[PDB]
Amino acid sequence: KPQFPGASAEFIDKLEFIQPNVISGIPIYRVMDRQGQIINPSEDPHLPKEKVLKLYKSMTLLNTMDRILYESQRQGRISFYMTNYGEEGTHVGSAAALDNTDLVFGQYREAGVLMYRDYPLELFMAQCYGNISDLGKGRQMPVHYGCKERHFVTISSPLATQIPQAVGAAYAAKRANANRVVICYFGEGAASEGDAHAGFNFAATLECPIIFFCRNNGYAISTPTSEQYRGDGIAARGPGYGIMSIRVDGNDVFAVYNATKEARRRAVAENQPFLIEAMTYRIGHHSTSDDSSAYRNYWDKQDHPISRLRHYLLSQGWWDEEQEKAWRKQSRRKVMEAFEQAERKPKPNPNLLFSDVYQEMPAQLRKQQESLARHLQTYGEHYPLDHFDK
């Protein structure tokens, strides 16, 4: 018997390399087919009508908001935007499986999670416009949302940095005896970052109640997954770190829900990490700065998460064309009301450029604030002052 401290294993007396299984990778868990039919009755979560209607309304309200704000960006009314097209199921399926106070760290393409947690349209808008209602004080580019009330840690642009952070928050939760789980969303491109290897390993070694949720949508900007990795996607990495792992059909809200619900239950009971890789497809451009036709649908028309959910509602007798029409109208009205309000609000006082750099304001930073104030007293005609509060 081998005695080495670094592994538990038998000897073998023949030379055999371990080959990766990439052609027959980890299978894709799926609950309902593309016609919204349940495939295996024993896997049906039988979510109640009101909850399934909330999943559906959340994804379509997000879709309505995406369309309007994408247009606002094209017109130059906001500086930037990123849509969620094709990935709305991963957001709502997973958020619905969490407890309200489970802490969320994300990347930027998870706004459905906030929607599901009832983040006001006014606040999505306020952040994108950087107006006086934005609790982020207009400091970050659009879609960098955050909400302390709804336990959604502020998004930042640097990819994957939230992965080891989410692990630390999960370790703290364990110590606090929280009965709380942290979920950490990231894309398959972000998973190539060193911080992903940091986070996965720490969560296993330090026994943290965290779910790592990878949206694998086939592209990182222009880069197809064939140039991103060569193993069997992200799910096949998890067992190597000792992380229980699963791959799901990210266009199936029920598959995403079931996987997330069971991961949450086990992560919190057992203080161990789980990894879920949700297979989907990025229907939109990467962002308003991307024209994706430069490097690449079947997905939009033959396998969309919203369409699939709609078919399911119909089969239960839970939705019809009349309701669909009324909701289309009501959601447009709600988004348009928030949009008009957000455009009319002023931007925050330029003083706010200096606060929160440190908790307190260092005297030398206050000197800089004072220098700006004197500058604007003299040269203010040359600045967009009428747009800014106070």
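Residue positions are given as counts along the sequence shown, with the first one as 1. Between two forms, the rigid core is defined as the largest C-alpha subset superposing within 1.5 Å.
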With the rigid core as the fit reference, the stretch showing the greater C-alpha departure in 4 other deposited structures of this protein, 326 to 334 or 23 to 31, is 23 to 31
Can you check if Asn271 is missing its coordinates in at least one third of the other PDB entries compared, counting only those that model the residues either side of it? no
Can you check if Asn297 is missing its coordinates in at least one third of the other PDB entries compared, counting only those that model the residues either side of it? yes
Going from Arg296 to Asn297, the deposited residues skipped in the model number 4 to 9
The stretch carrying the higher mean Cα B factor in the deposited entry, 100 to 108 or 173 to 181, is 173 to 181
Quick note on 62 to 70 and 320 to 328: per-entry mean CA temperature factor is higher in 320 to 328
Among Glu149, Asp291, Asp232, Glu207, the highest C-alpha B-factor in the PDB entry belongs to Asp291
Based on the PDB entry, the highest CA temperature factor among the options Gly218, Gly284, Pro239, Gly76 is that of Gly284
By the entry's values, the third containing the CA B factor of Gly138 is the lowest
Chain thirds by Cα B factor, record data; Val357 belongs to the lowest
Of the three thirds of Cα B-factor ranks in this chain, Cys128 occupies the lowest
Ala342: C-alpha B-factor third of its chain, per the entry, is the middle
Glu188: C-alpha B-factor third of its chain, per the entry, is the lowest
